[PDB]
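Undergrad: sequence below, structure please.
(one chain, ligands or ions: 1)
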Amino acid sequence: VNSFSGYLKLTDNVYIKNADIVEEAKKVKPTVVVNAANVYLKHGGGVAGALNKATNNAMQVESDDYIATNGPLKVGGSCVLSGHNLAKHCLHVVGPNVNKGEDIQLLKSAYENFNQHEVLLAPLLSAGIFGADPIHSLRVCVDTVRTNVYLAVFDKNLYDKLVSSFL
Ligand SMILES: O=C(O)[C@@H]1CCCC[C@@H]1Nc1ncnc2[nH]c3cc(F)ccc3c12
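TA: Residues are numbered from 1 along each chain as shown. Please see the structure below:
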């Protein structure tokens with residue numbers, strides 16, 4: 001038993017809700033919140049900009065030190081950093097950005113990072129400003145992640161299309 005509430009169950013291990021991930025994180029304080037990161041951990045907009053704003057820019061300060069030490073992530077890769085006031089940990093995961101011409105096959109590799117964590121609160125990778133089809137992203141999520149994933153979908157209209165079209 002865990003503290004996630006109001007989710008619809010899609011599969012044995014995948015759950016979905018219409019929610020603002022920032023507010024969902026603030027209330028649940030999950031062990032892991034996933035950020036829709038880029039390779040530079042520049043949290044300017046989308047999910048990343050919202051999460052970072054909710055940390056009063058502490059996520060960005062920590063991220064800049066991480067990059068200065070380690071260099072950029074790989075597309076499809078991830079790193080574990082602090083969850084600040086939102087979660088114990090933040091798993092920064094880089095899905096391919098279709099608006100940068102990145103290979104969508106890397107979306108499966110991106111979701112594989114979730115399997116290193118028993119339970120996660122997450123957005124749909126490569127959705128939103130990353131330019132991928134959120135229905136495809138949901139399919140890859142279901143077919144790749146084996147751990148327990150609670151997906152927060154900000155847009156109510158999108159949440160309903162994702163549910164109604166789910167196979
Ligand atoms: O659902 C959507 O509209 C999109 C799905 C994936 C790409 C961007 C959006 N992502 C999110 N997903 C969950 N919570 C969120 N809070 C947010 C707050 C913001 F200021 C911007 C985006 C989100 C967001």
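
Undergrad: distance from the helix or strand encompassing residue 23 to the middle of the chain?
TA: In this assignment (DSSP states H and E), residue 23 forms part of helix 21-28. Chain-centre distance of helix 21-28: 13 Å, with CA atoms, centre = their mean, to the nearest Å.

Undergrad: what comes up buried for it?
TA: Buried residues in helix 21-28, counted by 16 or more other CB atoms under 10 Å: 21, 22, 24, 25, 28. C-beta coordinates here come from the backbone N, C-alpha and C atoms, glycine included.

Undergrad: turn the residues you listed into TSV, including distance to residue 145.
TA: As requested, these are exported to TSV (distance: CB to CB, whole Å):
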residue	distance to residue 145
21	16
22	22
24	18
25	18
28	18
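
Undergrad: widest-spaced pair of the residues you listed?
TA: The distance between the two most remote of the buried residues of helix 21-28 (CB to CB) is 11.3 Å, for 22 and 28.

Undergrad: run the contact check for the longest helix belonging to the chain versus the ligand.
TA: For the chain, the longest helix by residue count, based on DSSP state H, is helix 58-70. No: applying CB under 6 Å from any ligand atom, one finds helix 58-70 separated from the ligand by no less than 13.7 Å.

Undergrad: send me that helix as PDB with only the CA atoms.
TA: C-alpha atoms of helix 58-70 as PDB (Å, rounded to 0.1, in the frame of the first residue of the first chain):
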ATOM      1  CA  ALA A  58      17.500  24.800  -5.900                       C
ATOM      2  CA  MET A  59      17.100  22.100  -8.500                       C
ATOM      3  CA  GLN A  60      18.900  24.200 -11.100                       C
ATOM      4  CA  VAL A  61      21.700  25.100  -8.700                       C
ATOM      5  CA  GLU A  62      22.300  21.400  -7.900                       C
ATOM      6  CA  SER A  63      22.000  20.500 -11.600                       C
ATOM      7  CA  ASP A  64      24.600  23.100 -12.700                       C
ATOM      8  CA  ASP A  65      27.100  21.600 -10.200                       C
ATOM      9  CA  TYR A  66      26.300  18.100 -11.500                       C
ATOM     10  CA  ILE A  67      27.000  19.200 -15.100                       C
ATOM     11  CA  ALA A  68      30.200  21.100 -14.200                       C
ATOM     12  CA  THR A  69      31.500  17.800 -12.600                       C
ATOM     13  CA  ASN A  70      30.200  15.200 -15.000                       C
END
